[PDB]
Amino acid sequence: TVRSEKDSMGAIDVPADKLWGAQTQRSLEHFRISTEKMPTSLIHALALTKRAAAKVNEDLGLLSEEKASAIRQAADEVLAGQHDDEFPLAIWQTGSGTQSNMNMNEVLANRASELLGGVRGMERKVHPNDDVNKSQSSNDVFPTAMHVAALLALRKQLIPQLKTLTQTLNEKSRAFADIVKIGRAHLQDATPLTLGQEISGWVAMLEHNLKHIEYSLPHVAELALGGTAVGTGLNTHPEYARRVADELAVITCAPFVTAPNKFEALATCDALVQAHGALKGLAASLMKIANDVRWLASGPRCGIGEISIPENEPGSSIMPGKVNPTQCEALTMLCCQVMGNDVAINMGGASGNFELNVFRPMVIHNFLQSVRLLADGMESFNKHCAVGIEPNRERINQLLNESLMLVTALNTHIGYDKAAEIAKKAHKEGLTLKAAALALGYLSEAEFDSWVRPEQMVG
């Protein structure tokens, strides 16, 4: 049920049905903290990093073809979801990510050995440090995997969902471009605008956020691999750093480059501090959009009620028409999460010392969580709420025409004094503007209808 594996500290029992080795087993004794583990995106990015390193080491004559090919095959099995239970280590580990680096080295070595006709364990044909970790340090591998996971997640998950939600809201803005509604400023009734114009503000917000996120991508694409222990690249081939970045770009189809300054790359998490700045911007914009949606949908009788949203959860037959804005609640909650995650990242990023930042597992745990939250939240809000936003046209018109805000349309036809007198009488006596104007005898019903045109007050 167990096998005996060894490292420089001695022998330790490892579960026979697992592919990790002595160092991963020791880490399970020493970092038993909470429940957060490396996310799949990061495990995959680590496997890609090892796949690329093995290819380059083979190209340079440093690693045999049979070993490099077997390591790549084992890495491909990880990427294909065959080894999810082989990565048991906590986020809350050595701050360089050494323990997860060695977790990947051991799993890939033991599995590659089997692919070459050997066994897992100390009789293995492929070796975690001498083969799988060749030319590498934990110090440069972990930040490489951080940036690979971050850039691919932004490109493949977050940006597509942002574009999809933007397109939905742009369609709604055009569909509702002629629906005049009351403005609200300071929460008070205000000058009118169209529902389409209000939604166009949400659209422009998401378009601006996309640009800010795109501006953060070039720095995240810079990779530390090749800096080795402290940034000098001591005892590596002069072409290794460029070659491994090129190979990662090939296999991922993304524009990875080697970091021009390896000391900045090892000593900081600056690219991720900056990129997460754009994500907390998106979180503040999504919070505002989600709040507008839920407030505009509030009711069905004692709130605003200008729009309806899809009803996705069962309700009580004695409470028909009550629709809780549950997608808005999930989205506003995760937006608060992103703001907190930004603080954790900022503290970690501010806390490097000398040649190495050792707050890395926590930084990437927060960053990749924010990406999942924002991408999946935008997907869910789009599919289950935004695509179904519809106006309540009678309620919109009732609020608009019963308000006091259209009174300025009378200024050019009668006095400002008379228009103001009409509004004051309406407010004091609970009348519409039309009823107050007729009672004062300042105009005809025909004149009011001709002169007070909300569709001429939105430009």
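Heads up: residue numbers just count along the shown sequence, starting at 1.
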- Between 182-190 and 123-131, point out the one with the higher average CA B-factor as the PDB entry records it. 123-131
- Item | Residue stretch of maximal mean CA temperature factor, 281-289 vs 134-142 | 134-142
- Deposited CA B-factor, highest of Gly315, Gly352, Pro260, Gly340: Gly315
- Task: Among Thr40, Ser34, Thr432, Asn392, single out the one with the highest C-alpha B factor in the record, please.
- Result: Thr432
- Chain-relative C-alpha B factor for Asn235 (record values, thirds): the highest
- For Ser308, does the deposited CA B-factor place it in the lowest, middle or highest third of the chain? middle
- Task: Can you work out whether the C-alpha temperature factor of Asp84 puts it in the lowest, middle or highest third of the chain?
- Result: highest
- Query: Against its chain's modelled residues, does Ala177's Cα B factor rank lowest, middle or highest third?
  - Reply: middle
- Query: Hey, what third does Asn103 fall into on Cα B-factor, ranked over its chain?
  - Reply: middle
